[PDB]
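**Student:** Structure, please.
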Amino acid sequence: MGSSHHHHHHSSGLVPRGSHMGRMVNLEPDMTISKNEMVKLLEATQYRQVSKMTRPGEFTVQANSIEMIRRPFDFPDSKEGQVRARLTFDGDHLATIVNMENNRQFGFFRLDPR
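**Tutor:** Numbers count the residues shown, from 1 in each chain. Find the structure here:
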């Protein structure tokens, strides 16, 4: 058990408010994204937010960004080494991504949804 955030009140009959799944992965700065869009990124890095992360298959969603560590994934379209990426929101919408190792700018971080 690590970073166990409780208070999971399921919306039994989520008719109002609208659809809120969001599941979207294509990291491309100046995109309008959420923990719920990147959620898939997070399901992709197969992780859940941490106070602090560093291992393959993590991320952090806390303040202005959704960070991440690409665990080795065996996808035909995506199979590489680990990367710490900084998905920084202009508040509501992702503005930039930064390679947290070099602190260089992104503008492409592509995942393979699943």
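**Student:** The chain: helices as residue ranges?
**Tutor:** Assigned by DSSP state H, the chain shows helices spanning 39-44.
**Student:** OK, contacts around residue 79?
**Tutor:** When contacts are counted by C-beta atoms under 8 Å, 6 or more residues apart in numbering, residue 79 touches 72, 73. The way it works is simple: take the backbone N, C-alpha and C, and place the C-beta from them, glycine included.
**Student:** now residue 112
**Tutor:** Residues counted as contacts of residue 112 (C-beta under 8 Å, 6+ apart) are 44, 73, 75, 77, 78.
**Student:** Please list only the buried members of those.
**Tutor:** Burial by neighbour count, judged by 16 or more other C-beta atoms under 10 Å, picks out 44, 73 from the contacts of residue 112.
**Student:** residue boundaries of the strands in the protein?
**Tutor:** Listed in chain order, the strands of the chain (DSSP state E) span 58-61, 65-69, 84-90, 93-99, 104-105.
**Student:** In CSV: those strands, plus distance to residue 18.
**Tutor:** Shown next, in CSV, are the strands of the chain (distance: least, C-beta to C-beta, whole Å):
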stretch, distance to residue 18
strand 58-61, 21
strand 65-69, 22
strand 84-90, 20
strand 93-99, 18
strand 104-105, 33
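**Student:** Nearest to residue 16, out of the ones you listed?
**Tutor:** When the strands of the chain are compared by C-beta to C-beta, strand 93-99 sits nearest residue 16, at 23.8 Å.
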